[PDB]
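Trainee: Here is my input, please return the structure:
(chains A and B, ligands or ions: 3)
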Amino acid sequence: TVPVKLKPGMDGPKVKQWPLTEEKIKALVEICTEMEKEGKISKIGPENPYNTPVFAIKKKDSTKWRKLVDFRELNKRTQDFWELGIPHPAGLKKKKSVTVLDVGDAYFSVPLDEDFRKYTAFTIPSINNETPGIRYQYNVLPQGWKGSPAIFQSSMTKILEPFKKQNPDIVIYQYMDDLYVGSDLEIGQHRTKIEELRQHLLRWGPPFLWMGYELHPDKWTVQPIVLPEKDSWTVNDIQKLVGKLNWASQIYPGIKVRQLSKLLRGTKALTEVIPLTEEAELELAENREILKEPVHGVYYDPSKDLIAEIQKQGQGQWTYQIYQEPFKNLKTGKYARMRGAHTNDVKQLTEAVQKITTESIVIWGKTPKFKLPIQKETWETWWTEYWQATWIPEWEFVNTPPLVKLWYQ
Amino acid sequence: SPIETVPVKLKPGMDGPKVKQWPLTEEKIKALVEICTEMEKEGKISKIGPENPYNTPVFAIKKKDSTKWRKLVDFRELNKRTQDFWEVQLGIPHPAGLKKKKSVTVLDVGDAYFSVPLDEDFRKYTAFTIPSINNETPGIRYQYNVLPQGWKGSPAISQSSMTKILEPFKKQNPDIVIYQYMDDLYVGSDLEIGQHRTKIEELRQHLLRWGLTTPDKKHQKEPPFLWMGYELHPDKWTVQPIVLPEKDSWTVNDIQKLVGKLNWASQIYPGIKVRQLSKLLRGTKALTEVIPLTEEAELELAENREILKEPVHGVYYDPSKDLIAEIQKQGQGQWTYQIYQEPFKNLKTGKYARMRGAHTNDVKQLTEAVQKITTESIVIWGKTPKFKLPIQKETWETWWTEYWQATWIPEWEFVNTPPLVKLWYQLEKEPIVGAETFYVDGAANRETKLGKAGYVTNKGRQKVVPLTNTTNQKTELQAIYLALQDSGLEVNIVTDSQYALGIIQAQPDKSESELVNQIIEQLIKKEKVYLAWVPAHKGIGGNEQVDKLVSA
Ligand SMILES: CC(C)c1ccc(O)c(=O)c(O)c1
Ligand SMILES: [Mn+2]
Ligand SMILES: [Mn+2]
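Mentor: Numbers count the residues shown, from 1 in each chain, chains lettered A, B, ... in the order given. Ligands and ions are numbered 1, 2, ... in the order given. Coordinates below:
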């Protein structure tokens, strides 16, 4: 069994448990009574000062409640693993179909370093503080923890070897409680291989991981930056155009607005139609060109956090951008929709956060830190109510209405 | 003896508290050896040989002016040096969270902390010395054998041991509800009066078989059940008017007992503001610290004291019915709400004050109220109440669909109880045809703070105005204000201030800033207002013109 520790000179996680509905508290009590019986977790005393939040979620589709521990704080306090840690397959994104499987269940089979158990403490809250908190700590590889897939690496390899050798061409990436299986087979056989990979795990050693979260990376589209094309512009159109090209000149140094502004010479009514000059037309053409080739120099850097900004665009539409350095976007997309008049802004945003974090895992092998267009107190209240992933990314809250909303269409 | 001692560790790298004993009077010592001799007999403490190396200061003082001397130990260095524990949810159970049970009984377990053993290996850090009178003999050295009072670990360790003791009586009676809060043990049930008393007899013996004297009663009054400050009646609970101390010089150890009270009362009583009295008091420790409050604290204690002067009544929770929450708009950043199941039978009534910030508007405040109520309800009842709110469904729709941020309210219905919350002004999405276009700009000189604010328009109209003691950010809002002033009912307004755009694109309807307000009002008077934005110094006409006019 493996020796783990916290980064040098820092103490463990002491986060507070947020309130849970009655429904959720009940499910957690069931799940934990079982787990205590199976020897996975053990009640602890008050001499253990640490704590990690814990709530419950239903997955994409199940009858069933899944205990989700928010280890975010323990994760960034857990010594990175190198003495091990996983490699990301750049080919995964290029595949026609990628299915995600919950193998997390398998982590419970490996014992956790006796001395590291205390740092995994958590508490099930009681309604109206009738009873004081029921407290546990893990004795095994806890799901949602990063030190988990790291220690179950050798074990996970040995289990997939036969499938790898025989099935050599699929790509299999392991992230947290997740296993990303990608292939260029047709959905029929692709899903046969999966079920085949499924059986492999059931045979090689909560409980459901029956389900496939199937994605199609080969069909994910980036949104470029475009400029309107009109037969008659107004002072206002031109003013907007110039404001945006001036913004796009921070990313593409070759942008020129000279000949366009020159069209706004004097002081006109915003609704006045201004004819386009040859000079202007050309400048518009040339800029239009430049805006279609990629940014000059943006390769991904693994030792740096990823950053994702989201812009509520209205009518259920959302745009986002991932980057490490400002104006050096690795990706930009537009999350059009759930299909309609989606009446829960907060739900849409929570769905967008997960999709984006998914795409991010597939492409760089890690989750981005989010800058969310919401009031912290509104997000903290309702987000766990729409969460369906087994992982949780880092986020902050944007209080100041950005101007880039006006430009990322 | 029957209880399993909890393992306790001093903080890492820290050693035991070596302290010096303060000499005492023959009258304070004699007593002590008395209070001690008895304590040593119950086995609460032991005499240590000459040889332990740690020490804690021992003091001895009065309990009533009906004079006697009780014992006081200064566990200050030791509380610094002792491992952190988990205060768990230092949450406070709300009477309205209790459900109607028939029979109830409150057992006041307090004397029990002395009755819990202390980790054998840790007892040596609790050594204290009783000074000798003429220092002709060696002092007398005791160490603690039970959770010592005044220490870090007695609170949590005991409240924990208790749980373990009760957790077996609790499992055996799936129907009986038991809640523990400090001294207090609440036992509820639907049983007849006489089967209840019976079980209570088993619980009492079960606690005794684990080695802790239950007190039963020495002055026996009625069914008005007293459980951690609440008066529990068959079908209603009551909190008697809280009497706050009235005094000349406030102390740091009476001001601390105050915030605790205020907090406790904070969730029973509405509008209990305690944020000023906490900023005078924290992390500063006293041999010699004694405090005047600040005249914003004698006036608050004034307001709190006025609110705690009226009794609080409420009904219990009936899980078979919906939970309802109704809010009304009260003013000056104030809102009132009542949570109930049956109309006029309130479970909890409260008040929400606006959260600090320069600009704001009624809609953002209501939303903040809902999420506060929502979270409070989930803590007490485990569910989210339905909301009766003073805002049209059409208003809210217009708001969240257009607001640049993500926002949501739970299931809710409109209730017409003026003053209704609404949107005072609405910026347009497109330019307004036939309206005058006001390109505006401003500038200021940081050295002299002298600046100008102007605007030019497609109709030739123009105006610049000199200003003193102003800023760049100030002058662009000032320029907008001027534009709003001199324009008709409908108006297009081009600016180059990202700052001004930020403030207006937030749609505020009161700011604690006179200027913004002036603009706000001006907006409320307009029928149509289209507010554009352009980059500065890029040659767009009429941004340049006006820039030239205000720059120099
Ligand atoms: C070019 C810089 C100094 C600048 C920034 C912001 C403004 O609002 C201005 O009006 C301006 O004239 C200049
Ligand atoms: Mn300006
Ligand atoms: Mn200017």
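
Trainee: Just confirm yes or no for the helix or strand harbouring residue B:373 near chain A.
Mentor: Secondary structure from DSSP states H and E places residue B:373 in helix B:362-381. Yes - Helix B:362-381 comes into contact with chain A (C-beta under 8 Å from any C-beta of the partner chain), by way of B:364, B:367, B:368, B:371, B:372, B:374, B:375, B:378, B:379, B:380, B:381. (C-beta placed from N, C-alpha, C; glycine too.)

Trainee: Leaving out chain neighbours, which residue sits closest to residue B:449?
Mentor: residue B:469 (4.9 Å; C-beta to C-beta, 6 or more residues apart in numbering or on different chains).

Trainee: May I have the phi/psi pair for that neighbour?
Mentor: The phi/psi pair for residue B:469 (degrees, to the nearest 10) reads phi 50, psi 60.

Trainee: next one: residue B:179
Mentor: phi -130, psi 130.

Trainee: For it, which residues are in contact?
Mentor: The contact partners of residue B:179, by C-beta atoms under 8 Å, 6 or more residues apart in numbering or on different chains, come to A:130, A:131, B:93, B:185, B:186, B:188.

Trainee: Could you tell me how many residues sit around residue B:498?
Mentor: By other C-beta atoms under 10 Å in any protein chain shown, the residues close to residue B:498 number 16.

Trainee: Can you show me the helices along chain B?
Mentor: Per DSSP state H, chain B carries helices over the ranges B:26-41, B:77-80, B:154-172, B:193-208, B:256-266, B:300-307, B:362-381, B:393-402, B:472-485, B:498-504, B:514-525, B:544-551.

Trainee: for the fifth one, the distance to its chain's centre please.
Mentor: What it means is helix B:256-266. How far helix B:256-266 lies from its chain's middle: 10 Å, per C-alpha atoms, centre = their mean, to the nearest Å.

Trainee: swap in the third one?
Mentor: Shown here is helix B:154-172, whose average C-alpha point lies 27 Å from the average C-alpha point of the whole chain (C-alpha atoms, centre = their mean).

Trainee: And stretch B:109-123, by the same measure?
Mentor: Mean-position distance between stretch B:109-123 and its chain equals 31 Å (C-alpha atoms, centre = their mean).

Trainee: quick one: contacts of it?
Mentor: B:1, B:3, B:5-10, B:42, B:44, B:126, B:143-149, B:154-155, B:157-158, B:161-162, B:180, B:182-185, B:207, B:211-215.

Trainee: Among those, which ones lie close to ligand 1?
Mentor: When C-beta under 6 Å from any ligand atom is applied, no member of the contacts of stretch B:109-123 is adjacent to ligand 1.

Trainee: Generate a PyMOL selection restricted to the buried entries among these.
Mentor: Buried residues within the contacts of stretch B:109-123, by 16 or more other C-beta atoms under 10 Å in any protein chain shown, are selected in PyMOL with:
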select buried, chain B and resi 5+6+8+10+44+126+143+144+145+146+147+148+154+155+157+158+161+162+180+183+184+185+207+212+214
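
Trainee: What residues does chain A have near ligand 3?
Mentor: For chain A, no residue is in contact with ligand 3 (C-beta under 5 Å from the ion).

Trainee: picking up where we left off before, looking at the contacts of stretch B:109-123, which are in strands?
Mentor: Counting by DSSP state E, the contacts of stretch B:109-123 place B:143, B:144, B:180, B:184, B:185 in strands.

Trainee: Dihedrals phi and psi, the residue lying closest to the first one once chain neighbours are set aside?
Mentor: I take that to be residue B:143. Nearest residue to residue B:143 in three dimensions, chain neighbours excluded: residue B:127, at 4.6 Å (C-beta to C-beta, 6+ apart). Phi and psi for residue B:127, reported as degrees, to the nearest 10, are phi -60, psi 130.

Trainee: And residue A:377, how close does it get to residue B:401?
Mentor: 21 Å (C-beta to C-beta, to the nearest Å).

Trainee: can you check residue B:184 too?
Mentor: Residue B:184 is 50 Å from residue B:401, by C-beta to C-beta.

Trainee: What are the boundaries of the helices in the stretch 101-250 of chain A?
Mentor: With helices called from DSSP state H, counting those that start in this stretch, the stretch 101-250 of chain A shows them at A:147-151, A:153-166, A:187-203, A:235-247.

Trainee: In TSV, list the ones you listed along with mean neighbour count and distance to ligand 1.
Mentor: What follows is the helices of the stretch 101-250 of chain A, written out as TSV (neighbours: other C-beta atoms under 10 Å in any protein chain shown; distance: least, C-beta to the nearest ligand atom, whole Å):
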stretch	mean neighbour count	distance to ligand 1
helix A:147-151	23	50
helix A:153-166	14	54
helix A:187-203	14	56
helix A:235-247	22	12
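
Trainee: want to try CSV for these, with distance to ligand 2 as columns?
Mentor: CSV is the format used below for the helices of the stretch 101-250 of chain A (distance: least, C-beta to the ion, whole Å):
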stretch, distance to ligand 2
helix A:147-151, 53
helix A:153-166, 57
helix A:187-203, 57
helix A:235-247, 14
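
Trainee: rewinding a little: which single one of the contacts of residue B:179 is nearest to ligand 1?
Mentor: residue B:93 (55.7 Å; C-beta to the nearest ligand atom).

Trainee: for the residue nearest to the closest one when sequence neighbours are not counted, what are its contacts?
Mentor: Spatial nearest neighbour of residue B:93, chain neighbours left out: residue A:129 (4.5 Å); criterion: C-beta to C-beta, 6+ apart. Neighbouring residues of residue A:129 by C-beta under 8 Å, 6+ apart: B:89, B:91, B:92, B:93, B:97, B:181, B:379.

Trainee: what's the farthest-apart pair in those?
Mentor: Largest separation among the contacts of residue A:129 by C-beta to C-beta: B:181 and B:379, giving 14.7 Å.

Trainee: out of the two, which sits in the busier spot?
Mentor: residue B:379 (22 against 17).

Trainee: Walk me through the domains of chain A.
Mentor: For chain A, the domain assignment from curated CATH domains gives the residue ranges A:3-90+A:116-156, A:91-115+A:157-214, A:215-300, A:301-408.

Trainee: Ends of the first one, what's the gap?
Mentor: The one in question is domain A:3-90+A:116-156. Length of domain A:3-90+A:116-156, first residue to last, C-alpha to C-alpha, to the nearest Å: 19 Å.

Trainee: again, but for the shortest one
Mentor: Counting by C-alpha to C-alpha, the length from the leading to the trailing residue of domain A:91-115+A:157-214 is 17 Å.

Trainee: Check the burial of residue 115 by counting its neighbours.
Mentor: In the absence of a named chain, chain A is used. Look at residue A:115: counted by other C-beta under 10 Å, it has 10 neighbours.

Trainee: Let me rephrase: I mean chain B.
Mentor: By other C-beta under 10 Å, neighbour count at residue B:115 equals 19.

Trainee: and it, how far is that from residue B:3?
Mentor: In this view, residue B:115 and residue B:3 are 8 Å apart by C-beta to C-beta.
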